[PDB]
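Here is the structure we will look at, set down as structure tokens.
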Amino acid sequence: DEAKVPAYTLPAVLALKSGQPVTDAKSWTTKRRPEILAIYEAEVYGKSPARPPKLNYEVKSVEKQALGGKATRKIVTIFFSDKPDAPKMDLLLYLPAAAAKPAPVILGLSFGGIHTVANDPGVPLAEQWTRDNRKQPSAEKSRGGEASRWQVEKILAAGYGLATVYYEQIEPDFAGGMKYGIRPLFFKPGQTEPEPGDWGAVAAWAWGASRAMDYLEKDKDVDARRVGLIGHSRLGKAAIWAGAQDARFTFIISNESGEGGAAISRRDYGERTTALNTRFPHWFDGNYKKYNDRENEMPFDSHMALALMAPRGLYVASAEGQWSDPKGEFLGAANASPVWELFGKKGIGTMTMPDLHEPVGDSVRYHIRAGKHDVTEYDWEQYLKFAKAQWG
């Protein structure tokens, strides 16, 4: 019920903390954007390490005519650490078989192992984490189980490749899972746990997407100028911050990403933040918890986080049907859009929430669709049109 939504005044994305106004793109790039990035690094997602000077990886597998002659398939292992039994991740890549040149790639963070992304028997079954917080090999019945969320046939049809990484290889997603992930790798000598401004798990997943990018820009069959990033749900939060931190993504797609993602926090009284920091204490850094239930007012809201993409592409999307707030995510994008105008680009183009199946916008796009929390065939149809507008 929209009459029950509190009203509020958003922090001004185009004013500095002093109150001085941001007057042009120069001033955004040199003054305001660094200040917004610093705010979110300290109070929300946490400080991450710098880019590793050298990527340690191995191309484990390269096959032709995969997917019924439709694709070239690779599988690449990226090591976060020389040690043994150390954290590492398996990047799956499908490039179109007919590719005459290095091809654009959509990179994605996946909720399942690489065997869930297509119905491809050449792909080894991956060990996944379960409802009981155990890790164990996946059953063959699970192959292609996420296939409808990735629609690889449409992507190749459009002339593009798809790259995916299973996110829990970077850090498993349950409270207590940090010890199995990359964050312990960067502790100071005799450091037991993260300081309250250090990266949390969302930040860790984002940092992994950027190491996937490190590899994509070495692969001669990939157009390193034409990579984008997609994430769903909690991984849409990750994708927002990876986009903020990593200028190489020409666009990000953030599908139904909620609180700490695209959604405007001030549309409730801090209860989503508490629920998240309570149930998922690993997601955000220790400073974020002071904002629970408005015990402190946030010196930010989500339109500022989304503006960290400007002037690159941004697609926000929602589903009609729950525990989500689609209009909150629309208003995230619409209130970030002024920043794209500083650069001569077009944003959402409206402040009125559209109806079902009516995509709006140019460099910032939005749609709401029927159905449940998911990624569907309808979504990818609009995403691949976005991608064409973004890539030429």
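Chain identifiers are assigned as A, B, and so on, following the order in which chains appear in the structure tokens; residues are numbered from 1 within each chain, and ligands are numbered from 1 in order of appearance.
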Backbone DSSP call of alpha helix (DSSP H) for segment 64-222 of chain A, listed as an MDAnalysis selection string: chainID A and resid 147:150 152:157 201:216
Residues of the last selection are to be written out with N, CA, C and O atoms, as a JSON list (two decimals), in the first residue's frame.
[["chain", "number", "residue", "atom", "x", "y", "z"],
["A", 147, "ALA", "N", 19.51, -23.10, -16.38],
["A", 147, "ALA", "CA", 19.67, -22.76, -17.79],
["A", 147, "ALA", "C", 18.75, -21.63, -18.20],
["A", 147, "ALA", "O", 19.13, -20.77, -19.01],
["A", 148, "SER", "N", 17.55, -21.59, -17.63],
["A", 148, "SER", "CA", 16.56, -20.59, -18.00],
["A", 148, "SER", "C", 16.91, -19.20, -17.48],
["A", 148, "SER", "O", 16.33, -18.21, -17.95],
["A", 149, "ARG", "N", 17.76, -19.12, -16.46],
["A", 149, "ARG", "CA", 18.25, -17.86, -15.92],
["A", 149, "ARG", "C", 19.41, -17.31, -16.72],
["A", 149, "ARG", "O", 19.82, -16.17, -16.47],
["A", 150, "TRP", "N", 19.95, -18.09, -17.65],
["A", 150, "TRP", "CA", 21.10, -17.67, -18.43],
["A", 150, "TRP", "C", 20.86, -17.66, -19.93],
["A", 150, "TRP", "O", 21.50, -16.89, -20.61],
["A", 152, "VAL", "N", 21.62, -19.11, -22.73],
["A", 152, "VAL", "CA", 22.85, -19.00, -23.52],
["A", 152, "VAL", "C", 22.58, -19.03, -25.03],
["A", 152, "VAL", "O", 23.32, -18.42, -25.81],
["A", 153, "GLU", "N", 21.56, -19.75, -25.46],
["A", 153, "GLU", "CA", 21.27, -19.82, -26.89],
["A", 153, "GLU", "C", 20.92, -18.46, -27.46],
["A", 153, "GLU", "O", 21.32, -18.12, -28.58],
["A", 154, "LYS", "N", 20.16, -17.65, -26.70],
["A", 154, "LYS", "CA", 19.84, -16.28, -27.14],
["A", 154, "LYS", "C", 21.09, -15.42, -27.23],
["A", 154, "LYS", "O", 21.25, -14.64, -28.17],
["A", 155, "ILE", "N", 21.97, -15.54, -26.25],
["A", 155, "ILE", "CA", 23.17, -14.72, -26.21],
["A", 155, "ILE", "C", 24.06, -15.04, -27.40],
["A", 155, "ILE", "O", 24.56, -14.14, -28.09],
["A", 156, "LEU", "N", 24.31, -16.32, -27.66],
["A", 156, "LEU", "CA", 25.13, -16.66, -28.82],
["A", 156, "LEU", "C", 24.44, -16.24, -30.10],
["A", 156, "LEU", "O", 25.10, -15.79, -31.05],
["A", 157, "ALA", "N", 23.12, -16.41, -30.17],
["A", 157, "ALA", "CA", 22.36, -16.01, -31.35],
["A", 157, "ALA", "C", 22.61, -14.56, -31.69],
["A", 157, "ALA", "O", 22.60, -14.17, -32.86],
["A", 201, "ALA", "N", 31.31, -9.83, 2.56],
["A", 201, "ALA", "CA", 31.16, -10.85, 1.51],
["A", 201, "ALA", "C", 30.67, -10.28, 0.18],
["A", 201, "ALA", "O", 31.14, -10.71, -0.88],
["A", 202, "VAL", "N", 29.74, -9.32, 0.20],
["A", 202, "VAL", "CA", 29.31, -8.67, -1.06],
["A", 202, "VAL", "C", 30.51, -8.10, -1.79],
["A", 202, "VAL", "O", 30.71, -8.35, -2.98],
["A", 203, "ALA", "N", 31.32, -7.33, -1.06],
["A", 203, "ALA", "CA", 32.57, -6.81, -1.59],
["A", 203, "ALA", "C", 33.50, -7.91, -2.10],
["A", 203, "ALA", "O", 34.15, -7.76, -3.16],
["A", 204, "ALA", "N", 33.55, -9.05, -1.40],
["A", 204, "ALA", "CA", 34.41, -10.15, -1.84],
["A", 204, "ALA", "C", 33.93, -10.72, -3.19],
["A", 204, "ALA", "O", 34.72, -10.88, -4.13],
["A", 205, "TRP", "N", 32.64, -10.98, -3.31],
["A", 205, "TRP", "CA", 32.11, -11.46, -4.58],
["A", 205, "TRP", "C", 32.40, -10.45, -5.70],
["A", 205, "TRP", "O", 32.75, -10.83, -6.82],
["A", 206, "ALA", "N", 32.26, -9.16, -5.42],
["A", 206, "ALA", "CA", 32.53, -8.17, -6.45],
["A", 206, "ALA", "C", 33.99, -8.21, -6.87],
["A", 206, "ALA", "O", 34.33, -8.10, -8.06],
["A", 207, "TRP", "N", 34.86, -8.37, -5.90],
["A", 207, "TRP", "CA", 36.28, -8.41, -6.18],
["A", 207, "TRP", "C", 36.60, -9.64, -7.03],
["A", 207, "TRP", "O", 37.45, -9.57, -7.92],
["A", 208, "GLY", "N", 35.89, -10.75, -6.82],
["A", 208, "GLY", "CA", 36.08, -11.91, -7.69],
["A", 208, "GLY", "C", 35.65, -11.69, -9.14],
["A", 208, "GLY", "O", 36.31, -12.17, -10.07],
["A", 209, "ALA", "N", 34.50, -11.01, -9.35],
["A", 209, "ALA", "CA", 34.08, -10.66, -10.72],
["A", 209, "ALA", "C", 35.16, -9.89, -11.47],
["A", 209, "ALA", "O", 35.34, -10.06, -12.69],
["A", 210, "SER", "N", 35.88, -9.03, -10.75],
["A", 210, "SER", "CA", 36.93, -8.24, -11.38],
["A", 210, "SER", "C", 38.18, -9.11, -11.66],
["A", 210, "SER", "O", 38.94, -8.82, -12.59],
["A", 211, "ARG", "N", 38.40, -10.19, -10.91],
["A", 211, "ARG", "CA", 39.46, -11.09, -11.33],
["A", 211, "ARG", "C", 39.03, -11.91, -12.53],
["A", 211, "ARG", "O", 39.85, -12.20, -13.41],
["A", 212, "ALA", "N", 37.76, -12.27, -12.64],
["A", 212, "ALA", "CA", 37.29, -12.85, -13.89],
["A", 212, "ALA", "C", 37.58, -11.92, -15.06],
["A", 212, "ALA", "O", 38.03, -12.36, -16.12],
["A", 213, "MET", "N", 37.35, -10.61, -14.88],
["A", 213, "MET", "CA", 37.65, -9.65, -15.94],
["A", 213, "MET", "C", 39.13, -9.65, -16.29],
["A", 213, "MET", "O", 39.49, -9.59, -17.47],
["A", 214, "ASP", "N", 40.00, -9.68, -15.28],
["A", 214, "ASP", "CA", 41.43, -9.83, -15.52],
["A", 214, "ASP", "C", 41.69, -10.92, -16.55],
["A", 214, "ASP", "O", 42.45, -10.72, -17.50],
["A", 215, "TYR", "N", 41.07, -12.10, -16.40],
["A", 215, "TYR", "CA", 41.32, -13.11, -17.42],
["A", 215, "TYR", "C", 40.70, -12.71, -18.76],
["A", 215, "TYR", "O", 41.38, -12.75, -19.79],
["A", 216, "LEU", "N", 39.43, -12.30, -18.77],
["A", 216, "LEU", "CA", 38.78, -12.02, -20.06],
["A", 216, "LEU", "C", 39.62, -11.10, -20.94],
["A", 216, "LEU", "O", 39.61, -11.24, -22.18]]
With only C-alpha atoms as the counted atoms, please give the residues lying no more than 10 Å from residue 41 of chain A, apart from itself and same-chain residues fewer than 2 positions off, as a ChimeraX atom specification. /A:35-39,43-48,197-199,203,241,245,285,287
Any chance you can output those residues with N, CA and C atoms as a CSV table (one decimal), in the first residue's frame?
chain,number,residue,atom,x,y,z
A,35,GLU,N,34.2,10.9,-3.2
A,35,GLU,CA,33.7,11.1,-1.9
A,35,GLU,C,32.5,10.1,-1.7
A,36,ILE,N,31.7,9.8,-2.7
A,36,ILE,CA,30.7,8.8,-2.6
A,36,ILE,C,31.3,7.4,-2.5
A,37,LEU,N,32.3,7.1,-3.4
A,37,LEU,CA,33.0,5.8,-3.3
A,37,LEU,C,33.6,5.6,-1.9
A,38,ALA,N,34.2,6.6,-1.3
A,38,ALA,CA,34.8,6.5,0.0
A,38,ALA,C,33.7,6.3,1.1
A,39,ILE,N,32.6,7.0,1.0
A,39,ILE,CA,31.5,6.7,2.0
A,39,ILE,C,31.0,5.3,1.9
A,43,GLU,N,31.3,2.7,5.2
A,43,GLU,CA,30.1,2.5,6.0
A,43,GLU,C,29.2,1.4,5.4
A,44,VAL,N,29.5,0.8,4.2
A,44,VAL,CA,28.6,-0.1,3.7
A,44,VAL,C,29.3,-1.4,3.3
A,45,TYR,N,30.1,-1.4,2.2
A,45,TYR,CA,30.6,-2.6,1.6
A,45,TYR,C,32.0,-3.0,2.2
A,46,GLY,N,32.8,-2.0,2.6
A,46,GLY,CA,34.1,-2.3,3.2
A,46,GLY,C,35.3,-2.1,2.2
A,47,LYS,N,36.5,-1.9,2.7
A,47,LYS,CA,37.7,-1.7,1.9
A,47,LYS,C,38.2,-3.1,1.4
A,48,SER,N,38.4,-3.3,0.1
A,48,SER,CA,39.0,-4.4,-0.5
A,48,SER,C,40.4,-4.2,-0.8
A,197,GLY,N,35.7,-1.5,9.1
A,197,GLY,CA,35.7,-0.9,7.7
A,197,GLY,C,36.3,-1.8,6.6
A,198,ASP,N,36.6,-3.0,6.9
A,198,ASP,CA,37.1,-4.0,5.9
A,198,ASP,C,36.0,-4.6,5.1
A,199,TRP,N,36.3,-5.0,3.9
A,199,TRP,CA,35.3,-5.7,3.0
A,199,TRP,C,34.5,-6.8,3.7
A,203,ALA,N,31.3,-7.3,-1.1
A,203,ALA,CA,32.6,-6.8,-1.6
A,203,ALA,C,33.5,-7.9,-2.1
A,241,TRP,N,28.5,-2.9,-6.9
A,241,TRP,CA,29.8,-2.4,-6.4
A,241,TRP,C,31.0,-2.8,-7.3
A,245,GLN,N,33.6,-0.1,-8.7
A,245,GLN,CA,35.1,-0.3,-8.5
A,245,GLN,C,35.9,-0.5,-9.7
A,285,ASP,N,30.0,-4.7,5.8
A,285,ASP,CA,31.0,-4.5,6.8
A,285,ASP,C,30.4,-4.2,8.2
A,287,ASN,N,30.8,-1.6,10.1
A,287,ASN,CA,30.2,-0.3,10.2
A,287,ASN,C,28.7,-0.2,9.8
Can you check which residues of segment 122-276 of chain A DSSP gives as strand (DSSP E or B) on the backbone and send them as a short mmCIF file (atom, residue, chain, number, x, y, z; two decimals) with C-alpha atoms, in the first residue's frame?
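Output below, filename part.cif:
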data_model
loop_
_atom_site.label_atom_id
_atom_site.label_comp_id
_atom_site.auth_asym_id
_atom_site.auth_seq_id
_atom_site.Cartn_x
_atom_site.Cartn_y
_atom_site.Cartn_z
CA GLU A 127 30.67 -29.08 -5.69
CA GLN A 128 27.96 -26.82 -4.26
CA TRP A 129 26.99 -25.68 -0.78
CA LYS A 135 29.81 -28.60 0.52
CA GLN A 136 29.46 -31.68 -1.68
CA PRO A 137 29.49 -32.85 -5.33
CA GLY A 161 29.64 -14.96 -25.46
CA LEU A 162 28.66 -15.75 -21.88
CA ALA A 163 31.06 -16.13 -18.96
CA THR A 164 29.95 -17.42 -15.51
CA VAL A 165 31.54 -18.04 -12.09
CA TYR A 166 29.90 -19.79 -9.14
CA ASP A 198 37.13 -3.96 5.90
CA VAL A 222 37.28 -11.99 -26.40
CA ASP A 223 36.75 -8.28 -27.16
CA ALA A 224 38.08 -6.74 -23.92
CA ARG A 225 36.41 -3.44 -24.88
CA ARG A 226 32.95 -5.02 -24.86
CA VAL A 227 32.33 -6.79 -21.54
CA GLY A 228 29.37 -6.20 -19.22
CA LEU A 229 28.36 -7.68 -15.90
CA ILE A 230 25.10 -9.17 -14.65
CA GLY A 231 23.91 -10.23 -11.20
CA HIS A 232 20.59 -11.29 -9.66
CA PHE A 251 27.59 -1.80 -18.25
CA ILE A 252 26.08 -3.60 -15.32
CA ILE A 253 22.72 -5.30 -15.05
CA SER A 254 21.26 -5.50 -11.57
CA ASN A 255 18.21 -7.78 -11.48
#
Write out as number ranges by chain each polymer residue whose atoms come within 9 Å of residue 346 of chain A, counting only C-alpha atoms; drop sequence neighbours fewer than 5 positions from it. A: 337-338, 340-341, 361-364
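Atom CA of residue 179 of chain A sits 25.8 Å away from atom CA of residue 75 of chain A.
Between residue 195 of chain A and the residues A:269, A:284, A:315, A:167, the shortest atom-to-atom distance, using only C-alpha atoms, involves A:284.
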So which one's closest to residue 375 of chain A, A:84, A:236, A:177, A:270? Using only C-alpha atoms, please.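 With only C-alpha atoms as the atom set, the closest residue is A:236.
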Mind checking which residues fall within 6 Å of residue 78 of chain A, counting only C-alpha atoms, ignoring those fewer than 5 positions away in the same chain, and posting them as a PyMOL selection string? chain A and resi 57+88-89
